[PDB]
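Below is one structure; the comments refer to it alone.
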Amino acid sequence: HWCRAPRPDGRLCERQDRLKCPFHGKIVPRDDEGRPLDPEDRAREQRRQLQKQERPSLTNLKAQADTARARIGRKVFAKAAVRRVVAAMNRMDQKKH
Amino acid sequence: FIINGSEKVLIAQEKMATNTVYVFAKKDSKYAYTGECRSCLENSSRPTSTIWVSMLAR
Ligand SMILES: [Zn+2]
């Protein structure tokens, strides 16, 4: 099976995904023109398209942390995460021994 | 020996070899692997000095 989703470039999606295509969500069977064979699936996609159409001065201490690179560092550098890093490594140390 | 009219025998005591490099490990410790060497002059000039090289657990 193929996603066969209608891309903005006019070509059907050729991604080979078992269940879900990341750029188009769930994968449903489609014909040569990229139309879902199930009429219910066509209606659901139309509803999704309608929903999409409907849709001091200096950075404070909290505002400075509000970004991408800080968020990933906070998750990586955590008391529970570091302990889980050690705890996971302890279990392979038992396997190594 | 005969100490105060009593026959006494000294019993051999087992000890780790000196001046030899040992690598041990403790399953529950902050050191993953520890290297040990109980160094001592061939002529026993002084009590043996133990040096430890270790490896902190991540
Ligand atoms: Zn796709």
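Start at 1 and count along the chain as shown; that gives each residue its number.
The way this entry was determined, per its header, is electron microscopy, 3.4 Å.
Yeah, the Cβs are placed from backbone N, Cα and C, and that goes for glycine too.
What Swiss-Prot records for A:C3, A:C13, A:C21, A:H24 is Zn(2+) binding site. In sequence order, A:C3, A:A5, A:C13 make up the list of same-chain residues 6 or more apart from A:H24 (Zn(2+) binding site) whose Cβ falls under 8 Å from its Cβ.
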Original post:
By a simple count, how many Cβ atoms lie within 10 Å of the Cβ of A:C13 (Zn(2+) binding site), its own Cβ left out?
Top reply: 18
Original post:
Between the binding-site residues A:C3, A:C21, whose Cβ has more other Cβ atoms within 10 Å than any of the rest?
Top reply: A:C3
Original post:
Near the Zn(2+) site, what residues other than A:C3, A:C13, A:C21, A:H24 in the same chain have a C-beta no further than 8 Å from the centroid of the listed C-beta atoms?
Top reply: A:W2, A:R4, A:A5, A:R15, A:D17, A:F23, A:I27
